[PDB]
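Participant: File follows, my_file-v9.pdb with PDB, C-alpha atoms:
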ATOM      1  CA  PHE A   1      37.843 143.002 110.941  1.00  0.00           C
ATOM      2  CA  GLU A   2      38.257 140.993 107.755  1.00  0.00           C
ATOM      3  CA  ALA A   3      41.679 139.376 107.990  1.00  0.00           C
ATOM      4  CA  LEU A   4      43.727 138.309 104.970  1.00  0.00           C
ATOM      5  CA  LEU A   5      46.303 135.519 105.423  1.00  0.00           C
ATOM      6  CA  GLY A   6      49.677 135.261 103.668  1.00  0.00           C
ATOM      7  CA  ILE A   7      49.409 135.244  99.905  1.00  0.00           C
ATOM      8  CA  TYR A   8      50.822 132.040  98.422  1.00  0.00           C
ATOM      9  CA  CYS A   9      51.991 131.742  94.831  1.00  0.00           C
ATOM     10  CA  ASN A  10      52.654 128.812  92.558  1.00  0.00           C
ATOM     11  CA  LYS A  11      56.134 127.509  91.787  1.00  0.00           C
ATOM     12  CA  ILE A  12      56.457 126.241  88.219  1.00  0.00           C
ATOM     13  CA  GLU A  13      58.902 123.412  87.686  1.00  0.00           C
ATOM     14  CA  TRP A  14      61.465 123.762  84.928  1.00  0.00           C
ATOM     15  CA  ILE A  15      62.081 121.351  82.067  1.00  0.00           C
ATOM     16  CA  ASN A  16      65.360 120.981  80.256  1.00  0.00           C
ATOM     17  CA  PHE A  17      65.160 119.026  77.032  1.00  0.00           C
ATOM     18  CA  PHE A  18      68.159 116.897  77.923  1.00  0.00           C
ATOM     19  CA  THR A  19      66.725 116.019  81.324  1.00  0.00           C
ATOM     20  CA  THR A  20      63.641 114.267  79.982  1.00  0.00           C
ATOM     21  CA  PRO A  21      64.149 110.792  78.498  1.00  0.00           C
ATOM     22  CA  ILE A  22      62.816 111.620  75.053  1.00  0.00           C
ATOM     23  CA  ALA A  23      66.213 113.147  74.314  1.00  0.00           C
ATOM     24  CA  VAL A  24      67.719 109.660  74.119  1.00  0.00           C
ATOM     25  CA  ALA A  25      65.561 109.268  71.054  1.00  0.00           C
ATOM     26  CA  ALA A  26      66.665 112.736  70.021  1.00  0.00           C
ATOM     27  CA  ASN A  27      69.996 114.034  68.686  1.00  0.00           C
ATOM     28  CA  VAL A  28      69.960 117.807  68.712  1.00  0.00           C
ATOM     29  CA  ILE A  29      72.297 120.181  66.879  1.00  0.00           C
ATOM     30  CA  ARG A  30      72.075 123.959  66.604  1.00  0.00           C
ATOM     31  CA  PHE A  31      72.466 125.478  63.174  1.00  0.00           C
ATOM     32  CA  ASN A  32      71.600 129.131  62.915  1.00  0.00           C
ATOM     33  CA  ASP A  33      70.469 129.094  59.253  1.00  0.00           C
ATOM     34  CA  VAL A  34      67.871 126.325  59.165  1.00  0.00           C
ATOM     35  CA  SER A  35      65.409 129.176  58.752  1.00  0.00           C
ATOM     36  CA  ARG A  36      67.038 129.573  55.348  1.00  0.00           C
ATOM     37  CA  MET A  37      67.516 125.854  54.667  1.00  0.00           C
ATOM     38  CA  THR A  38      64.882 124.604  52.230  1.00  0.00           C
ATOM     39  CA  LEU A  39      65.450 120.847  52.023  1.00  0.00           C
ATOM     40  CA  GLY A  40      67.909 118.847  54.021  1.00  0.00           C
ATOM     41  CA  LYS A  41      68.628 115.462  52.567  1.00  0.00           C
ATOM     42  CA  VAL A  42      70.775 112.474  53.416  1.00  0.00           C
ATOM     43  CA  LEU A  43      71.843 109.974  50.796  1.00  0.00           C
ATOM     44  CA  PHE A  44      72.396 106.280  51.430  1.00  0.00           C
ATOM     45  CA  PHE A  45      74.481 103.751  49.503  1.00  0.00           C
ATOM     46  CA  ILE A  46      73.590 100.161  50.300  1.00  0.00           C
ATOM     47  CA  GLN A  47      75.224  97.097  48.802  1.00  0.00           C
ATOM     48  CA  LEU A  48      73.940  93.659  49.455  1.00  0.00           C
TER      49      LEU A  48
ATOM     50  CA  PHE B   1      69.562 126.864  49.824  1.00  0.00           C
ATOM     51  CA  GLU B   2      68.791 123.136  49.771  1.00  0.00           C
ATOM     52  CA  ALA B   3      71.094 121.316  52.106  1.00  0.00           C
ATOM     53  CA  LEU B   4      72.766 117.968  51.682  1.00  0.00           C
ATOM     54  CA  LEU B   5      73.679 116.184  54.869  1.00  0.00           C
ATOM     55  CA  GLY B   6      76.135 113.311  55.206  1.00  0.00           C
ATOM     56  CA  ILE B   7      76.181 110.338  52.889  1.00  0.00           C
ATOM     57  CA  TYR B   8      76.117 106.989  54.629  1.00  0.00           C
ATOM     58  CA  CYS B   9      76.677 103.459  53.385  1.00  0.00           C
ATOM     59  CA  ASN B  10      76.327  99.816  54.311  1.00  0.00           C
ATOM     60  CA  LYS B  11      78.824  97.428  55.858  1.00  0.00           C
ATOM     61  CA  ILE B  12      78.557  94.127  53.999  1.00  0.00           C
ATOM     62  CA  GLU B  13      79.378  91.675  56.777  1.00  0.00           C
ATOM     63  CA  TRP B  14      82.047  89.007  56.303  1.00  0.00           C
ATOM     64  CA  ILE B  15      81.763  85.373  57.390  1.00  0.00           C
ATOM     65  CA  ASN B  16      84.513  82.831  57.965  1.00  0.00           C
ATOM     66  CA  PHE B  17      83.554  79.178  57.629  1.00  0.00           C
ATOM     67  CA  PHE B  18      85.250  78.109  60.857  1.00  0.00           C
ATOM     68  CA  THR B  19      83.475  80.828  62.842  1.00  0.00           C
ATOM     69  CA  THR B  20      79.982  79.421  62.299  1.00  0.00           C
ATOM     70  CA  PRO B  21      79.114  76.234  64.239  1.00  0.00           C
ATOM     71  CA  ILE B  22      78.331  74.285  61.093  1.00  0.00           C
ATOM     72  CA  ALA B  23      82.046  73.498  60.926  1.00  0.00           C
ATOM     73  CA  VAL B  24      81.840  71.153  63.908  1.00  0.00           C
ATOM     74  CA  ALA B  25      79.730  68.984  61.628  1.00  0.00           C
ATOM     75  CA  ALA B  26      82.166  69.761  58.826  1.00  0.00           C
ATOM     76  CA  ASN B  27      85.760  68.553  58.401  1.00  0.00           C
ATOM     77  CA  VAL B  28      87.280  70.325  55.431  1.00  0.00           C
ATOM     78  CA  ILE B  29      90.462  69.516  53.501  1.00  0.00           C
ATOM     79  CA  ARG B  30      91.823  71.147  50.354  1.00  0.00           C
ATOM     80  CA  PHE B  31      92.567  68.833  47.446  1.00  0.00           C
ATOM     81  CA  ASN B  32      93.496  70.607  44.269  1.00  0.00           C
ATOM     82  CA  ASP B  33      92.429  67.933  41.740  1.00  0.00           C
ATOM     83  CA  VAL B  34      88.970  66.967  43.001  1.00  0.00           C
ATOM     84  CA  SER B  35      87.785  68.472  39.724  1.00  0.00           C
ATOM     85  CA  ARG B  36      89.676  65.563  38.163  1.00  0.00           C
ATOM     86  CA  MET B  37      88.495  63.040  40.765  1.00  0.00           C
ATOM     87  CA  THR B  38      85.536  61.085  39.390  1.00  0.00           C
ATOM     88  CA  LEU B  39      84.491  59.483  42.663  1.00  0.00           C
ATOM     89  CA  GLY B  40      85.942  59.324  46.122  1.00  0.00           C
ATOM     90  CA  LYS B  41      85.059  56.290  48.202  1.00  0.00           C
ATOM     91  CA  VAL B  42      85.826  54.881  51.625  1.00  0.00           C
ATOM     92  CA  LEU B  43      85.950  51.185  52.428  1.00  0.00           C
ATOM     93  CA  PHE B  44      84.841  49.702  55.754  1.00  0.00           C
ATOM     94  CA  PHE B  45      85.570  46.200  57.039  1.00  0.00           C
ATOM     95  CA  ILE B  46      83.328  44.890  59.796  1.00  0.00           C
ATOM     96  CA  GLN B  47      83.534  41.502  61.443  1.00  0.00           C
ATOM     97  CA  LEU B  48      80.844  40.214  63.676  1.00  0.00           C
TER      98      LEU B  48
END
Do you think you could lay out the structure here as structure tokens?

Facilitator:
Amino acid sequence: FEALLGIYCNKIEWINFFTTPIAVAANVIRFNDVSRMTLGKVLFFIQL
Amino acid sequence: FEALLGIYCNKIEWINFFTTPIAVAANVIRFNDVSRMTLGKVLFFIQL
């Protein structure tokens, strides 16, 4: 006989964005209409 | 649309004279007519 041993499958690890340490550079906010947003802008006022 | 995010500004930092360590070399007294003082002198008397 040709005998086949237990099939073994891979287990993919899972990544959350706030687990990985690039999110300390990030600052992430949901906003459901940024598909419709054309330009976001911030405006700064510096005095010296 | 064309969004406008928050508007930020600078904090112009304040400095007191007696906070900085130049004032240990300094010794500062108000005198409201030094505009009218031509010269101020001190006189030292050494004996040997």

Participant: Compile a residue-level contact table for chain B against chain A at a cut-off of 12 Å, reporting for every qualifying residue the shortest atom pair and its distance in Å to one decimal, with all atoms listed in the file counted, rows ordered by chain and ascending number, as CSV.

Facilitator:
residue,atom,partner,partner_atom,distance
B:1,CA,A:37,CA,5.4
B:2,CA,A:39,CA,4.6
B:3,CA,A:40,CA,4.5
B:4,CA,A:41,CA,4.9
B:5,CA,A:42,CA,4.9
B:6,CA,A:42,CA,5.7
B:7,CA,A:43,CA,4.8
B:8,CA,A:44,CA,5.0
B:9,CA,A:45,CA,4.5
B:10,CA,A:46,CA,4.9
B:11,CA,A:47,CA,7.9
B:12,CA,A:48,CA,6.5
B:13,CA,A:48,CA,9.3
B:14,CA,A:48,CA,11.6

Participant: State, in Å with one decimal place, the distance from CA of residue 29 in chain B to CA of residue 17 in chain B.

Facilitator: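 Here the two named atoms are 12.6 Å from each other.
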
Participant: Suppose you want the space between CA of residue 19 in chain A and CA of residue 31 in chain A; what is it in Å?

Facilitator: 21.3 Å

Participant: When you draw a straight line from CA of residue 18 in chain B to CA of residue 35 in chain B, how long is it in Å?

Facilitator: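 CA of residue 18 in chain B sits 23.4 Å away from CA of residue 35 in chain B.
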
Participant: Please, what is the axis-aligned box for every listed atom of range 41-48 of chain A with 6 Å on each side, as centre and edge lengths in Å to one decimal, as lines of an AutoDock Vina configuration file?

Facilitator:
center_x = 71.9
center_y = 104.6
center_z = 51.1
size_x = 18.6
size_y = 33.8
size_z = 16.6
